[PDB]
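> Pasting a structure below so you can have a look.
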């Protein structure tokens, strides 16, 4: 029943468990929005939203338990060096169990037990008190103490997911969306923390007001289960806490939660306040923490400093990721620009003539348009013998079948010619091979129209001008070289004037290549 | 009549159609500025501006349908593998029409039909009612559902344009300006959306006020077509909606649209309010959304989140584009600085004497000034044989003509020597070739002056100090070695002390190269 | 008298002209701070500040006209290709004058004539009116129309200065400080523009309030030359202009200029208001335009958009410059980290033993510490023959003079050997070559201690352990092989167990290189 580390079952399980962990990290901070402040100056907790969040977190936690179960029945590749083979997987249950308990089980278990699920639904009635609402506001430390192990373990899991899937994306879409996903998650967490802290500070303000009016107030009057008491309503109508605990008054510094209290975010429905808190987190994380006009209290200042540093790190990482995206997108255009700048500066230093200057840049433009960087030969030797030989045969089969000698011959030397064949490029009105010049390039025309004429060695009259097009033959003198049994070295004078009249791409090949092939 | 995809006609038509699509993307958001709030608290539609925008968008839609007509009669490169040639263009109308129907027609047609031009001019008068102004405020969903396909297809078409015209710019101007154009377009769209949403929220505030005063008010009573009614005057005199619906009052939470009513942007002329909305978009997109002190409403919060995320993406893209511009404009200086610091650190690690340091770090500086990087050999081999030989013969024609050997002899060996010469430099006060040193490179002086003397083998007296300068010849010993018929391998020693009086740029050639030339 | 374009005189003249242009750019916008709003609601200009600024601008324009003179008496390089030489300077005054008038005269002369020095000092006193103070606020267009040519031609001058001095800095200090200098210049220009526009807005408010009080006011009271008039003081007493034209009131929209009146910048001394406006420009360039709560005015909105775009561009340039600075200062550590990560992954994939992985890792750290990147042979072959041989002789003179064969022998083979030496590294406790292994390298010890012993061919007892240290000799077997007159191809076996006890630097010598040298 032990699953192989690289089995597809483990891969799909890790994928769906990454999805489940993202759901867990999105849902856990939502427990901070449970408290609701009503108009009667009371703190109540929505039962329906609490039940929904408890159910969702129970599903997430049972998924975590299933992950623990699966990881407790998986094999690990033993660090055996050996010489050959890779099957160092351990099928013994005791060995894999000891390996997992030595490292991995503690952090994966401290973040999997449903302690938040129980201490809200089974412990609060059992807790030493009869007030559910009050003892659920400051003691929500379990969420933030179990969130850290989950947020820590989410990174290595994503590392294995992106490692075991080949390339993450096409150019950088995954690399840019991952940081935005983490960024939205950080915004959500900060918004939930901000709402909880605003509720805490508003409760502190209410406690301060009760201390100011201790004659007819006691600390538990702000519990919303006691709002119906006659003493509660009498104190509420007599007291003026609904005005004192407001940012407009100077009684108590609300700091950055004055924005929460003024906007009445603590009294609205769940969706409205959730979206407001998420936007607040996004805004104060994106603006680098500016606008957090905090007060002289250590907790709120620490929260603001954490927000500012997290915003710095996340914004800088986003800028870096988008820079990497752009570099991956262009990369080739940048090198082409560098080459064009170099070939425009060098020809300026040497003071080339204008009539010849407009030719090198035209050839460079032709090369970029018809090839788009991509060094043919460097990428060509990278492929194996099978793939390289097959692709060279497929690309140039009818081209080599036009040669009278190569047509009726075995594939032994044919594939030798195909493998060693090289690309060729030529711009418009290029006198490719004038009559007389040595012919040491064997060109096969793959695209374009050519013109080649023989003026009887230099005499006007009988012309050999042929409208050579794609898939034609040229340089027959090198074929005469290949056909000559004697290993001579005297270069043949060109008998024709090969000129590139049109938009032409060719396939040049070295004369010594024919010499070596014929020598075999 | 079918147009070739690579023809100039399609290329120029795509240029003018990109211009038309940019006009469409700039004009379509302007429809949101039609509603105008008068001083008597009524929503009116600018008739002249509406007519102008209908005319402009009708012209844009005519251009769009002409584009559909043109692309309906276009040719494609068929996926025929073949071996040679590129004439895969299909002339048949049935096949091109069928494949265009399969992909391309739906997306380019849903963003081409003139729905905004009909549902404002021919539908509202025929709508089930008589309130033209009232039923033109909230139902502007057609603009935002038809704008998305246009902005989606502007990217592939712009990519085609920039791919069909070679390099986009000189260094990075096109790359840097495209992002800013998109940035202004996003700011304009956000400003138009902000104005429309501000009108929406102010209408909602008016509806809330009317609900508070339902005794003598109606929901359709706010339609500005009924401003002259006696009931209108009576209610407006009695009611206090002028002050109640304002950010100063606390009746209704305006939030981020409060700046519109405070600055009275919903009342001014078209140009003032258009510029205010555009600036609002640009400012709240440039500052990543800070200052959007939202209200506890889901739609406005979602709009603010969209603004923040779009601002983050656009700002990161701009940073990346500018960094790419900086890397492209310098590039060559970067590895020059790298080489300078490497040769400074290496010269310190090996503890070279101070006198010799001033020579190496001056030679490097002179090379940087004279060539500015640019690997002459590597850049030169990329050019074809014809271009290479032409460049070499133009650079060195009279230089090689001064030699007593190569002057009166055939251009074949002149071509051979010229195509294979290499550049060479020397710094100030260089003992280039002292007497007795081997003559391995013979040099052609093209820029600078030399100073070589022969002191009778080391005896004071008769001096051969000649003011040898540009366009001269040096290293005759290698010339004599090449002139020797017997293929000897003895390297002649220099008979003179070749010394560079000043900075000199020269052309080098290895002795074995000249031996190979003389062999043929 | 015609000066060489590359001469030292022109270089120093262009340096001091760059200084003068920067002074002009920092001084000319100061003319916007001339208007001062007094306490009695009037506009006046300080005479002393105007005199000081006009004197400084006169000095700057004198320098500009001297630059016109100098560039009208300079030589230009004729675009003659030629074959040899670079003496293409044209001494003909008529030709250089005609070339200058064709291009460069207009754009430099439009920024040289002293229009601000005449239309303030001779024109306004002779203008059709007596209000010298009033006619110096609206006509401040000459400054902004002449500034653009200066800010345009400053860039080519800076490019020439930075291209006429080799490298600009060590790594990127100049490339990062230039951006800050430009950024301060932009902040200064925008601050001056903001002050002038604030004065214009306040004057527009004054015109509006005089329109409201047309009965007892006309438009000329706000010129301060009439402050002592009875009508002026009576109107000031009766009118409420003191508090009406304030951003606190809602009479007239001050927009972003509310900060100007609230902070009372337009009534303080020169230094205070200048620093406040400069900080305003700096902050609203750095804050990307946030805080510019504009009004519904076209000019203000366009100004805010210009500020936002300038801030975006300048911030992007600064980010790019700093990234370039960091990549230039690190660069070498980058590929070292890449290589270390790559080799760690390579040993991880091949499953190397933990005892041999540490040795390769220690060798990598040794190489990084000893060389810090820097491809020794690649950097060495780039130098010319004179420098390379001198460097080799200095690095290894007695090292090759310690072997008896080369010491009392000619320097020919000495230099031949020294040219072909390559450095060799061996980490702590490196067992270098066994007893009996073929001798392939002839290494010379330059720094470190060795430990080599012979156990009588493998028998315990007589030991040849010697404390070989710096400046010692090894690899005698290759020397004996080279000493043999017969060109045999057998590699002698090592008769010692050479081992590097400590940190050792070596100079490996190729065996076939030694054979080639001895063959000469």
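Numbers run from 1 along the shown chain.
Backbone N, Cα and C atoms are what each Cβ position is placed from, and that goes for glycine too.
According to Swiss-Prot:
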type     : residues  : note
BINDING  : A:405-502 : nucleoside 3',5'-cyclic phosphate binding site
TRANSMEM : A:16-36   : transmembrane segment
TRANSMEM : A:45-65   : transmembrane segment
TRANSMEM : A:104-124 : transmembrane segment
TRANSMEM : A:141-161 : transmembrane segment
TRANSMEM : A:299-319 : transmembrane segment
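Each of the listed features needs to be described in terms of its position in the shown structure.
Contacts of residue A:431 (nucleoside 3',5'-cyclic phosphate binding site) defined by a Cβ separation under 8 A and a same-chain sequence distance of 6+ are given as A:497, A:498, A:499, A:500, in order along the sequence.
Long-range Cβ contacts of the transmembrane segment (A:104-124) within its own chain (Cβ-Cβ under 8 Å, at least 6 residues beyond either end) map to 28, 31, 50, 54, 57-58, 61, 64-65, 67-68, 71, 132, 135-136, 142-143, 146, 149-150, 152-153.
Distant neighbours of the transmembrane segment (A:299-319): 179-180, 182-183, 186, 190, 193-194, 197, 201, 255-257, 284-289, 292; these residues of the same chain sit at least 6 beyond its ends, with a Cβ under 8 Å from one of its Cβ atoms.
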> Write out which of the listed binding-site residues, namely A:405, A:431, A:444, A:470, A:496, lie with a C-beta under 8 A from a C-beta of chain B, sequence order kept, or 'none'.
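The binding-site residues close to chain B are A:431, A:470.
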> On the three-state reduction of DSSP, what should I expect for residue A:483 (nucleoside 3',5'-cyclic phosphate binding site)?
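Where residue A:483 (nucleoside 3',5'-cyclic phosphate binding site) sits, the three-state DSSP reduction gives helix.
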> For residue A:457 (nucleoside 3',5'-cyclic phosphate binding site), which DSSP three-state class applies?
coil
> Compile a sequence-ordered list of residues in the same chain as residue A:483 (nucleoside 3',5'-cyclic phosphate binding site), six or more apart from it, whose Cβ lies below 8 A from its Cβ; state 'none' when nothing qualifies.
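Those within reach of residue A:483 (nucleoside 3',5'-cyclic phosphate binding site), by Cβ under 8 Å and sequence separation of 6 or more, are A:405, A:518.
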> Where does residue A:496 (nucleoside 3',5'-cyclic phosphate binding site) sit in DSSP terms: helix, strand, or coil?
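SS state of residue A:496 (nucleoside 3',5'-cyclic phosphate binding site) = coil.
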> Which one of these binding-site residues has the most other Cβ atoms within 10 Å of its own Cβ: A:457, A:470?
A:470
> Per 10 Å Cβ neighbour count, which of the binding-site residues A:405, A:418 ranks highest?
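Counting Cβ neighbours within 10 Å, the top one is A:418.
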> So if I measure Cβ to Cβ from residue A:444 (nucleoside 3',5'-cyclic phosphate binding site) and keep only same-chain residues at least 6 apart in sequence, which ones fall under 8 Å?
A:396, A:399, A:400, A:421, A:473, A:474, A:506, A:507, A:509
> According to DSSP, collapsed to three classes, what secondary structure does residue A:470 (nucleoside 3',5'-cyclic phosphate binding site) have?
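SS state of residue A:470 (nucleoside 3',5'-cyclic phosphate binding site) = coil.
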